[PDB]
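Read-outs throughout are calculated quantities, based only on the coordinates presented, and are distinct from any laboratory measurement. No Cβ is skipped: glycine too gets one built from the backbone with ideal geometry, and neighbour counts run over all protein chains shown.
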Amino acid sequence: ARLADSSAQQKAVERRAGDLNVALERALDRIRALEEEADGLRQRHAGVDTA
Amino acid sequence: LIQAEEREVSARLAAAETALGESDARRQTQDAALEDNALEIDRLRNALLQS
């Protein structure tokens, strides 16, 4: 039963790790979207420079 | 004697008519090149600017 309980705290750590993971993917997706958004900022910098 | 003074005018007629057209027409020979190069320049503008 002790093993069960220590495993239970390990399961709490598992839930923490899974939330950490999903946060990791969502942060990475936001990073990508940031990449294209900065791309767009660069185009709207360059064209008006031309103008 | 009045006739002689007009002999000066005929050259003044002859020179100006030459001095007039052969330059104004010449200017158009220069005139076209401006837009010719300028349009080249305009693509020459954005070429790097698009690159």
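The charge dipole of chain A, taken about its Cα centre with unit charges on the Cβ of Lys, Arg, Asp and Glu (plus for the first two, minus for the last two), comes to roughly 320 debye. Anisotropy class assigned to the protein assembly as shown is prolate, per the alpha carbon gyration tensor with a/c at or over the 1.5 cut-off and a/b larger than b/c. Label sites at B:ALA11 and B:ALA38, each approximated as a point 7 angstrom past Cα along Cα to Cβ, lie 4.0 nm apart.
Comparing B:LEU44, A:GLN10, B:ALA14 along the charge dipole axis of the protein assembly as shown, the residue lying farthest to the positive side is A:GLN10, per the Cβ-charge model.
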